[PDB]
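Chains as they are written, first to last, in full-length UniProt numbering: chain A, 6 to 68; chain B, 6 to 68; chain C, 6 to 68; chain D, 6 to 68; chain E, 6 to 68; chain F, 6 to 68. Report on the structure given below.
Number of protein chains: 6
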Amino acid sequence: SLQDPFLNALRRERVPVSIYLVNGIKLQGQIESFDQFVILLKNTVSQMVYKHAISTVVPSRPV
Amino acid sequence: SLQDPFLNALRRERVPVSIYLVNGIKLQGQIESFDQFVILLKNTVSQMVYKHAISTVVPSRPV
Amino acid sequence: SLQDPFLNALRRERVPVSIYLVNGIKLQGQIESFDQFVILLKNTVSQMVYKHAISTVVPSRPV
Amino acid sequence: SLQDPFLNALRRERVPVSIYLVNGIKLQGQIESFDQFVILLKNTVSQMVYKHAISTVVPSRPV
Amino acid sequence: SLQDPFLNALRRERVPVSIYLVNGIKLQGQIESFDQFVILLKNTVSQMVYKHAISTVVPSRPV
Amino acid sequence: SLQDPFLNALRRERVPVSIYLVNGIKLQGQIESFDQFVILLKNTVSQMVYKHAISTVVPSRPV
């Protein structure tokens, strides 16, 4: 399983990520937390993103 | 695990939220209730939103 | 479970609803019936709507 | 399950239906066959439609 | 029960098909292979199409 | 199944692929890794792509 270690790295390293949604919208922030269905992306406020609506998670720099 | 405590906080605190749909539409209101598949968003009327159609849930202020 | 009591109320009360689809289209009618996957929306004819394509169900008045 | 008796009627009665897709596209023809995942819509040729891509099935007249 | 015989025919007969995606995009080629999640569509190269992203499979002539 | 051998080939051969997303976006890079839900596409950085958001995987040359 790749998803947990990948999201976990981005979390620990408080890396600025771009979460791209299935509709094309680009969300940005740091990954605050995550579970099986959602990812909490912190920014001005924490927003709960559903994984099912995420197409791709792009770190802003190598990890 | 994240989703339930997160939606639960927004509920108790009767916090104005913006639910963004996969189609880009922004719904607004307070979270009245929720289960495994839907979230009741109260406004002028209660509307049943399917989670599968939700991309992101954004509280209008920190919690 | 919120979905079943919610759709059930709209049914019994023969309330005019607007079913919004993931593509943005707004369907209208009364909820004739429903099961795990589809909702029968009566109008001129009964049309079978797949829940997976529904974003939000909006009653035309409080219930 | 409402889906099977509903599609079955449309089949037996060889009723002209409009299948609306999640992308907004309107397909037309008669329902030739169907199973748990797909519907064969006959027209000039039989096309296999995935139910997951169908938003709504609209008969061209009451049944 | 319909999907396998249908794709199997298109395969054996090496029939030019149009695979329409949920996003509207039209793919073309012959069905090289398929299992239960994805379809190999041969063209200039073989491309793996996810069935979940396919709305409709349209043969270019009757079968 | 064919997904695993197909992605595995593209991996071993470090073949430039185009992953097309359900939103129309074309991702490019080499397949670094993959599991049941996601594909790590290496580029400038590794990005985690959800398979559910992938429509088609197109190698840049035959394999």
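Note that beta-carbon positions come from the ideal geometry of N, C-alpha and C, so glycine has one too.
Interface flag, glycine 34 of chain A vs chain F, CB-CB below 8 Å: no
Beta-carbon separation (whole angstroms), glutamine 35 of chain F vs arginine 17 of chain F, contact threshold 8 Å: Rounded, the Cβ-Cβ distance is 11 Å, inconsistent with contact.
Contact the segment 20-28 of chain E vs the segment 8-17 of chain D: 3+ CB pairs below 8 Å: Fewer than three pairs of CB atoms, one per stretch, sit closer than 8 Å, so the segment 20-28 of chain E makes no contact with the segment 8-17 of chain D.
For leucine 32 of chain B, the first and last residue of its enclosing beta strand (DSSP E): Segment 31-39, the beta strand (DSSP E) holding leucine 32 of chain B.
Proximity of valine 62 of chain F and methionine 53 of chain E at Cβ, strictly below 8 Å: yes
Partner residues on chain C for residue 75 of chain D, Cβ-Cβ distance less than 8 Å: Nothing in the structure corresponds to residue 75 of chain D, since chain D is present only between 6 and 68.
Coil, strand or helix - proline 67 of chain C by DSSP: coil
Any C-beta of chain D under 8 Å from that of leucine 7 of chain E: yes
Buried or exposed (CB count within 10 angstroms, at least 16 for buried), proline 64 of chain A: By the C-beta density criterion, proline 64 of chain A is buried, having at least 16 other C-beta atoms within 10 angstroms.
Counterpart residues of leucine 45 of chain A in DSSP-defined beta bridges: A/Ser38, A/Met53
Start and end residues, beta strand (DSSP E) containing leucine 26 of chain D: 21-26
Straight-line Cα distance separating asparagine 28 of chain B from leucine 26 of chain A: 10 Å
Test item: CB-CB of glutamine 8 of chain B and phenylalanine 11 of chain A under 8 Å: Not a contact, by the Cβ cut-off of 8 Å.
Endpoints, the alpha helix (DSSP H) within which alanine 58 of chain D is located: DSSP places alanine 58 of chain D in no alpha helix (DSSP H); its state is neither H nor E.
Environment of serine 6 of chain D [buried if 16+ CB atoms lie within 10 Å]: exposed
Inter-residue Cα distance where the pair is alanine 58 of chain C and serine 60 of chain D: 5 Å
Helix, strand or coil at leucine 7 of chain B according to DSSP, with G and I counted as helix: Three-state result, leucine 7 of chain B: coil.
Closer than 8 Å to chain E by CB, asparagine 13 of chain F: no
Residues that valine 63 of chain D contacts on chain C, provided the C-beta gap is smaller than 7 Å: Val50, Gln52
Contact set between the segment 15-31 of chain D and chain C, restricted to residues whose Cβ is under 7 Å from the partner: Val27, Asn28, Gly29
Neighbour flag for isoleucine 59 of chain C against chain B, beta carbons, 8 Å: yes
Beta-carbon proximity check, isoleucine 44 of chain C vs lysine 56 of chain C, cutoff 8 Å: yes
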